[PDB]
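Only one chain is included here, represented as structure tokens and corresponding to the form deposited in one PDB entry.
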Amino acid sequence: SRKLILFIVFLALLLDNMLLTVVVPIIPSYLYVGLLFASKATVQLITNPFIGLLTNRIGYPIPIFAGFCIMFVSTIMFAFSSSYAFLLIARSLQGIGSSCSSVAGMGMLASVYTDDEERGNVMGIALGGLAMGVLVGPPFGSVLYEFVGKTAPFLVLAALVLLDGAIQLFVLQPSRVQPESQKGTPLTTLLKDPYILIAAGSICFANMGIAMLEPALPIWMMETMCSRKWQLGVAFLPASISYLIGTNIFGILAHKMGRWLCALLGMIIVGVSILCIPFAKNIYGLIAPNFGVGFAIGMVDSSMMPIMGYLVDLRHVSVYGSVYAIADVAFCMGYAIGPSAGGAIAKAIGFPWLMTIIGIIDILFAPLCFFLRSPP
């Protein structure tokens, strides 16, 4: 009965991304900024290598329970605060707790589900938690902020975090410190690998595309089409639905089509969709490209996590904390400098030129995935 561990990392990923998206609508209205948004991803980027090394010394359960303790503290602090410095502290602590949760949970999943096919099948479900969290965050925050009050969403999130922590105490039971049997191959050796670098680069560019697309699209919309506020929110919904669908189906479907081919087609499709986005004239023209973008990115992610796990087992020692720290660093890098660089480029040159450059880069990087195919 290892489904409980899958349930733990599903809930930790779900609740963490629920808090990530509930806070974004509330903070600007309550306060009145770029540093605060990027503080979570920057701090999480820095602590990823240290969590990767710490799991090899003491194991996964203590870092996981510690992640819940940091997330619980961050949630209560957000609800009770009202100052900018405390907001920075809380978001930075979430960045630390999210790093712990992501790295330790992914390593524990890779260490519990050792089979190659089952690993991808369960990582699809686990990555579905992120998509569900981003899907249900904003409406949850909106309703509890509308009716009950400002602190109600945070208090309900804290209650769910307490429930999650109690389940963790019952199942994980972080009572003693247990070191891993073998050393894990230091980060310097792994960063010299060209195949790990190719997989990380594909993840980084695919996610950096959407990282720039998401905040830069409403500004172009409100000037080109003069769209209503409700449309600005419901226009990106196809991407979030298609991400869930594609992640959950391609977790199983990528092993038969071939992980390299699924990643290659994902990069090609996301590049073509990003290239066609500037040609749209209204929301109905934007429905299809966003669906394509979400589908392709789900393809890339659900094909590229188990490939990272496979690469460490194929030519290095089977210890997953450091390599999944590398993968998390790849994700955070796109989400840290994404919005600011995107805004700078879209101010220097047009939004269509930014979209064209992103699409061209993705299409040109796409053939690099050919080297990821297995020798036999």
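Don't overthink the numbering: it's just position in the shown sequence, from 1. Only the largest set of C-alpha atoms that superpose within 1.5 Å between the two forms is called the rigid core.
In the other compared entries of this protein that model both flanking residues, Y60 has coordinates in every one, well short of a third left out. Of the other compared PDB entries of this protein that include residues on both sides, all give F351 atoms, none of them, and so not a third, leaving it without. According to the PDB entry, the deposited sequence contains 10 or more residues between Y32 and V33 that lack coordinates.
Omitted from view is the form deposited in another entry, to which the following refers.
The residue among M221, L172, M132, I198 whose Cα moves by 2 angstroms or more between this form and the one not shown, once the core is superposed, is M221. A movement of the C-alpha atom of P289 reaching 2 angstroms or beyond is seen between this form and the one not shown when the two forms are aligned on their rigid core. After superposing the rigid core, the Cα of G184 is displaced by less than 2 Å between this form and the one not shown. For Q231, a C-alpha deviation of 2 angstroms or more is recorded between this form and the one not shown after rigid-core alignment.
In the other form, the Cα positions of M71 and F236 lie at least 3 Å nearer to each other than in the form displayed. Annotation for the pair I360/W220: C-alpha atoms recede from each other in the other form, by 3 Å or more compared with this form.
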